[PDB]
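Chain order of the listed sequences is A and B. Using the deposited numbering, read the first sequence as starting at 666 and increasing by one per residue. Using the deposited numbering, read the second sequence as starting at 665 and increasing by one per residue.
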Amino acid sequence: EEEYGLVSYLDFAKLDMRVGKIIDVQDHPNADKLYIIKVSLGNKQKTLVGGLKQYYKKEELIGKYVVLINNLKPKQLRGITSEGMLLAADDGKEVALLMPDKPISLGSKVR
Amino acid sequence: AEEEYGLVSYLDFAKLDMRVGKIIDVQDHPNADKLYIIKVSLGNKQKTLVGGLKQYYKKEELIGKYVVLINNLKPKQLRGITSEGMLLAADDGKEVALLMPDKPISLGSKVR
C-alpha cells in the first residue's frame, strides 16, 4: 500500500477509539452487503452499519470484541442510522476486524 | 467546514494510515528503563518504534505478534531514539491489551 504524508499525533488524538463487544447482528433490511450491528461499551450501546456480511456470518460476530470510533457523527444508510464504525484490516483477500489481544473491560480507550 | 466540536467525520479517520504489522525485534531502550525499541515489519518496509510496553509484555511474547501501527505520524525523539510510529493498545487503567487483527492478514494491510 502507498505511503502517506505525515500528520500530527493531535490528528490521531481527535478520534475516540474504544473497545466494544458485539451484542447482536442483523441483516440491513434494505442493503444486501450490510449488517446492523449493536455494540456494547459497557453501560452504553451503539448501533452501527457495517459492510461485513460478505466476510462474516452473523453468528461469527456475536460476542466478538471489536474496536469502534465512538465520536463519529451519525449517518443515514438506506433508512438506518449508523452511530459509528468498526475498524478492520483488508488486503483484498480477507477482512480482519481489529480486537484487543485479551478480554479487557468494555469501553476501554485505545491509545 | 462548520465546527463539529467533539465529533469527527470519516475524513478525520482517513487522514491516519493505520496498518497491520508484525513485531520482528524488541530491545531495551538504552536510556529509558520502562521502554522498548520495537522493529515492526510491514512486509517490504520496516519501522522503528519506541513503546512503553516493558511493564506489560515480555520481549519474547512480542516477537511475531501481529499489531496495529499508525504509519504516518510525524517522528518523535524519545531520550535519544527516534520513534517512527505507534502501536495501538487498549488500556482500562488495570490492564494493557495491544490491538491485533483477528486473523494473521498480510503485512502492511490497511485498516478501513
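We put the beta carbon where it would ideally sit given N, CA and C, even for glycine.
- In the structure shown, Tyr669 (chain A) falls within a coil segment according to DSSP collapsed to helix, strand and coil.
- Against chain B, the CB of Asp766 (chain A) has a partner CB under 8 Å away; the residue lies at that interface.
- Residue state for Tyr730 (chain A) is assigned as strand, using DSSP reduced to three classes.
- Residues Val684, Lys686, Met764, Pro765 and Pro768 of the same chain have their beta carbon placed closer than 7 Å to that of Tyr730 (chain A), with the five preceding and five following residues left out of the count.
- Between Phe677 (chain B) and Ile734 (chain A), the C-beta spacing is below 8 Å.
- The C-alpha of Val690 (chain B) lies about 10 Å from the C-alpha of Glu725 (chain B).
- For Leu675 (chain A), there is no enclosing beta strand (DSSP E); the enclosing alpha helix (DSSP H) has its first and last residue at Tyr674 to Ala678.
- Not one beta carbon of chain A lies nearer than 8 Å to the beta carbon of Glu666 (chain B).
- Closest in C-alpha terms to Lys718 (chain A), from the list A:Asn736, A:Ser673, A:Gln710 and A:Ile701, comes A:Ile701.
- For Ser705 (chain B), the enclosing beta strand (DSSP E) has its first and last residue at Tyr700 to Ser705.
- At a C-beta separation below 8 Å, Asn736 (chain B) has these neighbours in chain A: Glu668, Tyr669, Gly670, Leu671 and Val672.
- The beta-carbon of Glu748 (chain A) is placed no less than 8 Å from the nearest beta-carbon of chain B.
- Excluding sequence positions up to five before and after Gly715 (chain B), its CB lies within less than 7 Å of the CB of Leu699, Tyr700, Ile702 and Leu751, all in the same chain and listed in chain order.
- Residue environment analysis places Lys758 (chain B) among the exposed positions, since fewer than 16 neighbouring C-beta atoms fall within 10 angstroms of its C-beta.
- Of the other Cβ atoms in all chains shown, 16 or more fall within 10 Å of the Cβ of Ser773 (chain B); this residue is therefore buried.
- Of the other Cβ atoms in all chains shown, fewer than 16 fall within 10 Å of the Cβ of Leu675 (chain B); this residue is therefore exposed.
- Against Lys722 (chain A), chain B offers no close residue; the least beta-carbon distance is about 14 Å (beta-carbon pairs closer than 7 Å).
- When CB distances to chain A are screened at a threshold of 7 Å, not a single residue of the segment 687–713 of chain B falls below it.
- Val732 (chain B) and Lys679 (chain A) do not touch by the CB rule: their CB atoms are close to 17 Å apart, not below 8 Å.
- Taking 8 Å as the threshold, the shortest C-beta distance from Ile745 (chain A) to chain B does not fall below it.
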